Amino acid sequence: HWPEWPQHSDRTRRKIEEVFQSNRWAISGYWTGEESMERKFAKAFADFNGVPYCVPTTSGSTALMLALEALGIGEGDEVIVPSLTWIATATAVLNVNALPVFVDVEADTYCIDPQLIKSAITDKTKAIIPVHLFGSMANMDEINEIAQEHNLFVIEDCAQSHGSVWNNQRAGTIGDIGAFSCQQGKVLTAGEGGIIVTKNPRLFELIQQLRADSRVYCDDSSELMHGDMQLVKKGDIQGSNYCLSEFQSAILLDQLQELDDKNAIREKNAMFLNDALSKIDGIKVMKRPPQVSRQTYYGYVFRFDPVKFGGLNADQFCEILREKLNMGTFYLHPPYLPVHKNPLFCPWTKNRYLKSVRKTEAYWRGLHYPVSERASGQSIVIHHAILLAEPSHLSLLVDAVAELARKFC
């Protein structure tokens, strides 16, 4: 059968056990003798990425929101985001009362096309959110150059690329702030979870306050007594409670340990598949940027020519492969419809949002981003747990697609 995801061991279980033995289940819970799982996780992930500051939080969505809040973003601002991504990239912007402004993606990476960014920049633009989508990385060299020239911040959405390396720098480390999801499907997971990283110490403080009802850590854990609060008032910036449970921080500490190993396994299997699948006619694989030395695969993506597969759309191509391979819709599916065409994206439906950002239904749906729209219609996405199988088991994917090619010659 196909690999399950997530994967736990007894180390997972021990880490939970430590939480129960601590009797501290939240960071807003008082000190009970030793450091919290949150801070231990924050340190370990920050060292994993060679970045100095990390603040855990509740989700990838909330991580983006906090990041935007920390950069002073608000009413009247525009934030540039890719047309092809999971809707959270966009709705995070809406959630801080800014307008997301879409830009199409490159055909070979499905990451935001730096050559189209300039043309979307306006007086209101304050930031860009590139997404390291599926199993690639947005072009951070070009994107940082554009941002530096137009005075814009850069928030990396690393939800699908935990541990990717671009010119010796881990994903999330290269813009001003890096945002991560630890939702079940992701390569680093506790069911739900969020992470922020940054090199900037001012941002570190503001992000703590944003996620802890305006509080920061105390100056020195080492002088806390049993019963004392570790979180203390600051009030430089208003926050709400987006604190990660100690149970989740503990599982992340466990899961982190096997991250680089499992990423290399995935990456090598992506390679196998590129080699295999590219030999089939009318199957295109993604192009790896030179700058990337280590690529994390959350989803492995290839493209098909509908002219050589009997006019199949990817919904149908995927329904066939799922029946032929005996794997479900979590494991195999087309990319997200681009955000403006995605029924889950519907800001006009809620009053919270400003009149000026919710536009109308026709407004948003009538937008056009042809690379993104094509990609959704003629690409197949394989969930990364499949990149943890035996290469002999992967050859079943290759043959299933070789059989489909053969049939529709």
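In this text, residue numbers run from 1 along the sequence as written.
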### Summary
Of 227 to 235 vs 325 to 333, the stretch with the larger average CA B-factor in the entry is 325 to 333
### Task
Between 137 to 145 and 315 to 323, point out the one with the higher average CA B-factor as the PDB entry records it.
315 to 323
### Task
Go through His132, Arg211, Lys279, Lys186 one by one and give the residue whose Cα B-factor in the PDB entry is largest.
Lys279
### Summary
When the entry's CA B-factors for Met271, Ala190, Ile177, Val216 are compared, the highest one belongs to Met271
### Task
Please place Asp47 in the lowest, middle or highest third of its chain by C-alpha B factor as given in the entry.
middle
### Message
Can you tell me whether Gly33 has a C-alpha B-factor in the lowest, middle or highest third compared with the other modelled residues of the same chain?
### Response
highest
### Query
Can you tell me which third, lowest, middle or highest, the CA B-factor of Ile283 falls into for its chain?
highest
## Note on the structure
So, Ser181's CA B-factor, relative to its chain, sits in which third? The lowest
### Ranked C-alpha temperature factor of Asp123 among modelled chain residues, by third
highest
